[PDB]
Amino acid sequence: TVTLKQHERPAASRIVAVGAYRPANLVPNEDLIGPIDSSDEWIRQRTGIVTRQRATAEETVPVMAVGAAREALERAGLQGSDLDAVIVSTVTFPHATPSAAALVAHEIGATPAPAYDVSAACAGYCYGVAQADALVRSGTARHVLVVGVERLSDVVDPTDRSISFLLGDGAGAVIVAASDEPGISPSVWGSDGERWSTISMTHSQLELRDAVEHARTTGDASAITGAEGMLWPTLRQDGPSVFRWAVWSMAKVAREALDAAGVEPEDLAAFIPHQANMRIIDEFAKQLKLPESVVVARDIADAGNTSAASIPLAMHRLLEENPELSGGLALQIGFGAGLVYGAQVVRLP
């Protein structure tokens, strides 16, 4: 009987660099308040957001992912061809198939590395890291690129007061590499599909299909011309439910991640939650009983909520503003539509 061969496995893994792409357009509250009939001060008070990154038409998911990817590559002292896998976490690339990852892999010179997109909403980067970590520690890959990237502005309804004005665009990239010393703690990640509808689109793409093609065939374009709300599906959320879950449920996940890591809040150099909402971030930090020395990421004030991009973008900003955090421990925890969540303690690059 034949025994199958197997890859050898390194001791551990580690994030060896972080890269960022931020659209230059920082939209202020005032530009958005009209159609949702609110105000600069209300938005600032409810969400702590002042400006959000808004991408132009040319700044597509692949464009943004590539820029972030290239910065990470340069900071790691690597090139595209050194990558053994490319994971792109996004829900806004406007093609069912093929993936954005395959374009990214090609553009950055990673061919022929395997390349795929992942769907895990705002937890997407942390899901990416769990996967990358698994790929490295099983000896499947020595260097894995993970990109959290979104052009959320493509799926907001300007009249929506549940989520539209919170969302921004951008890309954040990380490179996970084989390592001698543990740099990524065991992932704590999960789902609760019972609550699939808590953050979701207004309706299925098939409704859009059925309408447009019925209009096209029959020549009757009512139902479209007479439509009061957008037919293009857009993002929506039960705001209050998100808050209760985001804070009081995720706090248990974070403590679990710390516990599995073998780490106390005192050992952290930084706390980098997904940038969902300043109110969520604050209440979260309080619940974790962090000492004053732990730096809390609050990129959301200038970037808005960039979903999968949010954590690596905030990590990137943390390191620029405090270079001495490099080598320190950071708790990262993302959470979004699904519902899904993921967390790790990581040694910062």
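Heads up: residue numbers just count along the shown sequence, starting at 1.
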Of the two stretches 209-217 and 129-137, which shows the higher Cα B-factor on average in the entry? 209-217
Mean Cα B-factor check, 245-253 vs 147-155, entry values; winner is 245-253
Check the PDB entry and point out which of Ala285, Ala297, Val63, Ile43 has the largest C-alpha temperature factor. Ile43
In this PDB entry, which of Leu325, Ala17, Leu339, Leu331 has the top CA B-factor? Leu325
Would you check the entry's CA temperature factor for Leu4 and let me know if it's in the chain's lowest, middle or highest third? highest
Third of chain Cα B-factors occupied by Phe165: highest
Assert third(CA B-factor, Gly226) within chain per record equals highest
Ordered by C-alpha B-factor within the chain, which third holds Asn277? Give me lowest, middle or highest, please. highest
Using the temperature factors of the C-alpha atoms in this entry, rank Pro233 within its chain: lowest, middle or highest third. middle
